[PDB]
Structures are given as C-alpha cells and as structure tokens.
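Input: a single structure, listed below in structure tokens.
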Amino acid sequence: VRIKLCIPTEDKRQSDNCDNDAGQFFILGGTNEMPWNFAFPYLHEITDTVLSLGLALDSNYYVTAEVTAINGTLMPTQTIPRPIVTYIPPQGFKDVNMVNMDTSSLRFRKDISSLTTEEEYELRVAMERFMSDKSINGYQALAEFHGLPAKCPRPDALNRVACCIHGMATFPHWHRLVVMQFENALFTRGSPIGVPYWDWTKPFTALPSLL
Amino acid sequence: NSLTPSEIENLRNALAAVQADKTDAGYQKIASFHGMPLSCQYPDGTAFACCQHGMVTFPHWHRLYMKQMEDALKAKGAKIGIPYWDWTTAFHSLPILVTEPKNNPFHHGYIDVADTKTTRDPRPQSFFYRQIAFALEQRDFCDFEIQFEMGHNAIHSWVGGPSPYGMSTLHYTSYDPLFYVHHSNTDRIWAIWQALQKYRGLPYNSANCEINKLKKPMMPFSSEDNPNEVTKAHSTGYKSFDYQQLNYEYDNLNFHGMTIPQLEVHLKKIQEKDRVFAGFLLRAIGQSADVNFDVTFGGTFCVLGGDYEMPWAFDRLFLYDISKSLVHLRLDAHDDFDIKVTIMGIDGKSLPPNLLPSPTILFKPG
Amino acid sequence: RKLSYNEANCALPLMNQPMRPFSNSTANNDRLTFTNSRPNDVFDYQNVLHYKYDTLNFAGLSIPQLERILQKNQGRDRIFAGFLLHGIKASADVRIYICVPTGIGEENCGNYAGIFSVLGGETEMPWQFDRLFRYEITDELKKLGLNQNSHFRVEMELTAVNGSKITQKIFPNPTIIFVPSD
Ligand SMILES: *[C@@H]1O[C@H](CO)[C@@H](O[C@@H]2O[C@H](CO)[C@@H](O[C@@H]3O[C@H](CO)[C@@H](O)[C@H](O)[C@@H]3O)[C@H](O)[C@H]2NC(C)=O)[C@H](O)[C@H]1NC(C)=O
Ligand SMILES: *[C@@H]1O[C@H](CO)[C@@H](O[C@@H]2O[C@H](CO)[C@@H](O)[C@H](O)[C@H]2NC(C)=O)[C@H](O)[C@H]1NC(C)=O
Ligand code: CUO
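Shown next as structure tokens:
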C-alpha cells in the first residue's frame, strides 16, 4: 500500500493534488489465511512530508492509498478502508474558548420530565404541525435525511447509501446538526423550547408519557 | 461613569496641582506641544507646530501625549489614570467634571500666550457609534487610522465651535482639560482594535504600512528638552504600539456591551448587508472646517487643522456609509445619483468649495 | 450556391418510403398530406404544401451577405468536438467540458464549454447517426489560451431529463477535429 498525500480541490474538476506520495507499507497474507483484524489502527507517520509541502499539520488535507497486490495487479480502493489523518497537537494545548456568558436568548433543551404541561402541549402542537402536513420543508423530509431514501453520496445514481455517519469520529457532529434541523423546524412552527432530551442514564421503569 | 467618590475627588486636586508646576512645563510646556506655541523648526528653523496628526503615526504621538500629560500628574495623588468618556454612547449633555462651574479644575485652562482661559461653544442610535464601528471593521492599520483620526476630530470640531481659543482649533486645543479626557477614549478605541486584531491573528503590535514613517522619531518627544525619560525612549513610532509598557490599563476594552469576541460577531453581523460608501480625498489646509454631505442629508464629517501646521495628505480614501440616504430616496445603487457636498469653516464662514476634489462612490456587498 | 436545394444526393434509400403515419390510410384522412407522404414530395414546400415564409433572410441578413458571413467564418482556423450519437432509451442533455492539465502532476478538468440535447422516449424507433455531430470549441479554447496543438482533452457530462439523475458514459468519447483556414 503506497501512501499518497492529497490536497483537496475546490472546483468540480478532479484537480486534487495527489502528486506527492507521503508513505508506504506492506501486508502479508494468503489463501486459507487465518481471518484477522488489528484491534488498533496502524499509524504511519507523515508529519515530515506534510511539513515539506508547507501546509500546517492542523490544516485540511487527506490521504489516499494505492493497493498493489503482490501479483503486481493494481487493486480497487474498496479493498482497504480509507486512510485518515491523525493529528497530535503540542501538549498541552487548550483549544479556543467559548463565547462569554449568554445574550440575549438561547434555545433551552430541558429534561422531558422538567417540562410543564403547557410546554408539553406547545411542542406537541409544533411537532403536530411540522409533521402534519407534508412538504419539502416538512417533517418527512428531515426524517428522510438520516436513512433509506438513500441519497448518498448524491440521489444519483448507480449505488446509493444512507447519509448518516456511523463508525466514525464524526457521528456526533452529523447527528448534532440533524437535531438542530429538528429544532429550527419546531421553532418556526411555534414552540418556545429547544428540543428536550430524556436521560436514559437515569434508571427508568417506563417510557416518558410524552412519547 | 461608574466612578466612586472620592475617586473623582482625588483628581481635581492633581489637575489643580499641575496648573502651575510650573517649571518643568509645568503644564504650559506640556500644553504647547499640541498647542499654539511653536514646537519645532524646519532646518531653516522656521516655526512648525509639532503636531503629529494627519499621518499614520497619529495614535502613538497622542497615546504618548496622554502619557506625558499622564505622568505629569505624578505622585500628586495621580492615583488612577486619566478617565475616558465614551463619546460613542449617545449623550444628552456634557460630562460633569468639565461642567461644574465652581471650584473645578476641568472647566477651563488658561493661556499665558493669550491671557485667557479656554472658551467652548458646543454645537448640536448614535452617530459616533456607527462611525467608529466602521473603523473597527477594517483590518489594515493604515485603513483604520484614516477613519480613526476622522472619527476623532469630529469631536474637536463640535466641542469647541467658533472660538479661536478652543478645541476646534489646533492652536489652543491642547490647553483645555477636556482634550485629554476625550483622548483616553480615542486611545482606548485604538486599544480595542489591537485586541481585535489580536483576536484575528493580524498584526497588532506591529504594522506593515508604511515602513517609512513609524521610524521617524517624534518631537517634541524626541527633543532633548523633554525632561521625561520614558517618552523619549518610545519617542519612536514602532515602540508605542505596545502600550503595555507604559504602563497602564483600561478598565475594559469592551465597546459598549460587547465582548471583543462579541464585537467581531457584531461587525461580522453588520457586514452581511451590502453597503455603499463615499470616500473623499482629504489633504492639508490651514483652517479647520466641518463638511456637510448631500445627494437628502448624507453628511457629515470634520477635519482638524491650523496655521503653521505641517502639511499632510492621506494615502487612502475616507469612507462614510450613505446607504441610509439611498433608502431615503429609494435608490438601488443602480439608479444613479449626484452626491452633493458642503464644507464650512469652523469660524462662522464660509463653506469654500473644494479644495477637495470629487467624491468617489463605491459599493460593498454583502 | 448552385447546389441541390430540392433534391438530396446524400440519402437515397430513404427518400421514397412514404411517411408512416401520413401514408397510413387510417388515421390520416387529409388527402394533401396523404398524397405527399413521400419525403421527395415534401422537398419543395411552396409548390406542394402551398405556403411561404415572409422573409427568408436570417438574423436580418440577406442570403448573399449571409453566405458571405458563412464563408468568412470558414476563413479562420477552427476546432470542433465530434459526437457519435444514437438513440438512448429516452431524452437526455449532454454538457461539454474542457480538461487542461497542470504541470505537476497529472491533471484535470472542467471549464464549461457547451451543451446540446438528445431527444427520445421509450418505444422510439432505434437510430444511429452515420456521421459526427460537430460543436465548435474554438473560442472557448481561445479564452483558455489553448490551441489545437496545446495539450488538453474534452469530456462530456450527461444529465437525464428525469431531474438530475446523471448518467454514465453511453456515447463514444468526443473527437477533436482541426479545420485549417479557408
Ligand atoms: C431516469 O433514471 C433511471 C434510473 O435508472 C434511468 O434508468 C433507465 O431505466 C430503464 C428501465 O427503467 C433501464 O432499462 C433497463 O436496461 C437494462 C440493460 O441495460 C435491461 O437489462 C433492463 O431489463 C431494462 O430494460 C435503463 O437501462 C435505464 N437507462 C438509463 C440510461 O438511465 C432512466 O432511464 C432515466 N429516465 C430517462 C429520462 O432516461
Ligand atoms: C395505421 O394506424 C392505425 C392506428 O392509427 C394502426 O391501427 C392501430 O390502432 C390502434 C388504436 O388503439 C392501436 O392500439 C394499434 O397499436 C394500432 N396499430 C398497431 C396495432 O400497430 C394501424 O396498425 C396502422 N397501420 C400501419 C400499417 O401502420
Ligand atoms: O442513529 Cu444515526 O442516530 Cu442514533
């Protein structure tokens, strides 16, 4: 597996600078091989070449892999899960601060139990109207975002998959955004609250009466 | 504002104290430098007014000048720094210290050269807020200064009015206690900006335009005859950027109600809407005058200047948003318009015509 | 041009089969169109179909000065993209892009050059063009500072009328033809 270091393309054209190769490694295997998977990621240091190209270790770039079988046969990229860049900051480093205090309003997401009956009814109405009825700006579209009308990478064409991120470090980013969508959707339809949460961490006997 | 007696209390006496040192200056020498009595010489030794406005190194000179002044209350119970009043924040009236008629050191100054105390003649959302915020918007230092200087002198125009002995004039302004206090503020504004940059990773204690001029030393702060060691040390341009080694502190660099980070959000927020500006070329003229805009009212802005001042010309244009004017006429920056202006002298007359050339008119999205 | 205007040398077996709906006794009952169902009969519209066009000048240009424009157009070096087209199952829209390599390393691709359309529907009679369709890409290459000798290539990007639903390559790759000055 040859390691190519790529610099992303802005435009439609596939102009991604993958010219400069960052690394290289090898894999022993065979037929009637014992099935196996390292329980931990293999890390191949690319810091030096990343420094050579004059782009910060922090900044955006990616890594692609050329898998050549020992047979000499060039192999499909699908053979191996795509490489990732892992960044190790100078310890210790505090990431940038949050914005000071609060002003003048933020959507407040409460425990479902903390909801007054009024709040229950009002976000019930918001949900009721968002859901009923259907549109492009409606509930079913957002419900469709996550999974199975399969619009990924694009709703075209040949092979489509679910859009939601799973088995990745970016899972919670994706679903955070999604929850924000839901929030806007309910706010514009007339609810004073941010989307409430239910602690499943707290021991519970039954589902909240809300759902 | 927010002062607690006797915090107010200590100071008058200190200002009182230096009214006559009067040896070092004691205060009149300290006054002369911005003021009328002649600071320096061309090599021909001709009178100059050692005023360092109109140039890019404009803040340092002053920001110092506060220092010289600031030091001057030294161990005279100069227990806190010169206060600042945020003229940005709209105000129905002037601030006390400089108003109270009786037994107050801030009412006026005197002038051995003229035999008189200062006379001031005030003249009639907040205008300065809008004007300053723009300055903050900018990222180039030079770009910032032009607006920063012009936002500034708008007050030397309006505080003084039509008295030769006053804040409207270069000659005797420095004499009026009101002048420093206005400054602290002007200086404060500058500081805020530095914090801004710093936030943005742009240079703040440095500045890339123009390398020319920050290096020229500054008189009088240069002069041998300045018996304060400190200012001479930073008499230079490039020193005096980091006001930290002064050493003073502002209570808080927050524009009204805004974290610095908050502030950028604000400006960033403003920036969404596409704007339209007018920019003038301004250049030296002996007199000091105010200029009134038109297309409805678009005005206005003022220029500070006096006899025997070093001539100056700004490198860059001075911008003044006139979008509210267009909406007023319902124009789209598309329909095309005549930008009409007027330009009064501080003395009662007389709106002489440019002088300044023609205003360009430019559009910023968005 | 003194070249045949009411006859066609180019297609010979096709000019004598009467038009299939117009030759069908049902449901074409108009004797005019029925009688002239053959292509050859439809060549002269004026004598046969009894109509005229108000002016035959195009773009306000009389036919002599039109032919002049055409020939002066032939005057310069031009570059064309050739397309071998045939019947898709349905109608689709093809866009034309020009790929210019950067020095290091191997490189692509698109700046927008053109667009043309292909018509169709299910149950259409199958068809294959026996010659290239040409698309002048000369001026776009001029705007890229490119040449006929300069290194570059031409890619088509095909979008169905379904609504997006971009298609994989169904047509042979674009030819590049150079025509020297007249
Ligand atoms: C709009 O999108 C669909 C998405 O597939 C296009 O697919 C077309 O679908 C037809 C049948 O729905 C396909 O026909 C099939 O062809 C294969 C052989 O390739 C044959 O084994 C099947 O029995 C069937 O006949 C067709 O391949 C496919 N055509 C293309 C190029 O998309 C549909 O065509 C699109 N609609 C339009 C406007 O063309
Ligand atoms: C001439 O046209 C007629 C119809 O215009 C053809 O007869 C059929 O018409 C029915 C009407 O519903 C259609 O369902 C059939 O499909 C038509 N013909 C078929 C079955 O092909 C008639 O066939 C045509 N004659 C010729 C030889 O073209
Ligand atoms: O499923 Cu993807 O979100 Cu819990």
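Residue numbers (the numbering used here), protein chains in the order written: chain V, 1 to 211; chain P, 1001 to 1366; chain E, 2001 to 2182. Think of the CB as a built atom: it goes at the ideal place given N, C-alpha and C, for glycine as much as any other residue.
- With respect to the 8 Å criterion, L1253 (chain P) and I1322 (chain P) are not classified as neighbours on the basis of their beta carbons.
- For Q1262 (chain P), the nearest beta carbon of chain V is closer than 8 Å to its own beta carbon.
- Close CB contacts of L2085 (chain E) within its chain, under the 7 Å cut and outside five residues either way in sequence, are with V2118, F2129, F2133 and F2171 (chain order).
- Taking a beta-carbon distance threshold of 8 Å, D156 (chain V) counts as an interface residue toward chain E.
- With respect to the C-alpha of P196 (chain V), the residue from V:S114, V:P155 and V:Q181 having the closest C-alpha is V:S114.
- Among the bridge pairs identified by DSSP, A1278 (chain P) is matched with P:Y1320 and P:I1361.
- Interface with chain V (8 Å Cβ-Cβ cutoff): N2173 (chain E) is excluded.
- Remark: three or more beta-carbon pairs, one from each stretch, lie closer than 8 Å, so the stretch 1009 to 1019 of chain P and the stretch 1093 to 1107 of chain P are flagged as touching.
- Straight across, the Cα-Cα distance linking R1139 (chain P) with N1208 (chain P) is about 11 Å.
- For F1301 (chain P), the closest C-alpha among the options P:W1312, P:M1310, P:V1295 and P:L1319 is that of P:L1319.
- The Cβ atoms of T1342 (chain P) and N1292 (chain P) lie closer than 8 Å to each other.
- Between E1009 (chain P) and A1154 (chain P), the alpha-carbon positions lie close to 30 Å from each other.
- Every alpha helix (DSSP H) stretch that sits fully inside the stretch 1164 to 1234 of chain P and reaches 4 residues is listed by chain position as 1170 to 1173, 1178 to 1200 and 1229 to 1233.
- Listed as beta-bridge partners of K1117 (chain P) by DSSP are P:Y1110.
- At a cut-off of 4 residues, the continuous stretches assigned as alpha helix (DSSP H) that sit fully inside the stretch 28 to 77 of chain V are 47 to 52.
- Contacts with chain V at 8 Å (Cβ-Cβ) do not include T1089 (chain P).
- Selection around ligand 1 by beta-carbon proximity, strictly under 7 Å to any non-hydrogen atom, yields V:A157, E:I2088, E:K2089, E:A2090, E:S2091, E:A2092, E:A2160, E:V2161, E:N2162, E:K2165, E:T2167 and E:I2170 in chain order.
- Residue pairing by DSSP places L2158 (chain E) opposite E:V2094 and E:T2167 in a beta bridge.
- Between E45 (chain V) and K4 (chain V), the gap from beta carbon to beta carbon reaches 8 Å or more.
- When the beta-carbon positions are compared, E128 (chain V) and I193 (chain V) stay at least 8 Å from each other.
- Annotated as proximal: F1128 (chain P) and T1088 (chain P), with beta-carbon spacing under 8 Å.
- Counting of Cβ neighbours within 10 angstroms places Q2168 (chain E) among the exposed residues, the total staying below 16.
- For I2104 (chain E), the chain V residues whose C-beta falls within less than 8 Å of its own C-beta are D19, listed in chain order.
- Sorting V:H146, V:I7 and V:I112 by C-alpha distance to the C-alpha of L211 (chain V) places V:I112 at the top.
- Shortest gap from the CB of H166 (chain V) to any heavy atom of ligand 3: under 7 Å.
- In this structure the stretch 1212 to 1227 of chain P does not lie against the stretch 1156 to 1173 of chain P, because fewer than three pairs of beta carbons, one per stretch, are closer than 8 Å.
- The criterion of a C-beta distance shorter than 8 Å is satisfied by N20 (chain V) and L53 (chain V).
- Of all residues in the stretch 51 to 70 of chain V, none comes within less than 7 Å of chain P when Cβ atoms are compared.
- About 5 Å separates the Cβ atoms of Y1180 (chain P) and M1069 (chain P), confirming a contact at the 8 Å cut-off.
- Residues of chain V with a Cβ closer than 9 Å to the Cβ of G2120 (chain E) do not exist; the shortest Cβ-Cβ separation is about 18 Å.
- With its beta carbon less than 8 Å from one in chain V, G2110 (chain E) belongs to the interface.
- Chain order gives the chain V residues near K2165 (chain E) as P155, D156 and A157, where near means a beta carbon separation below 9 Å.
- By the rule that beta-carbons nearer than 8 Å mark a contact, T1259 (chain P) touches chain V.
- Apart from the 5 residues on each side of it in sequence, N2036 (chain E) sits with its Cβ closer than 7 Å to the Cβ of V2042 and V2048 in its chain, given in chain order.
- Bridge pairing for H1152 (chain P): absent [DSSP].
- Cβ neighbours of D2182 (chain E) within its own chain (closer than 6 Å, five residues either side excluded): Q2074 and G2075.
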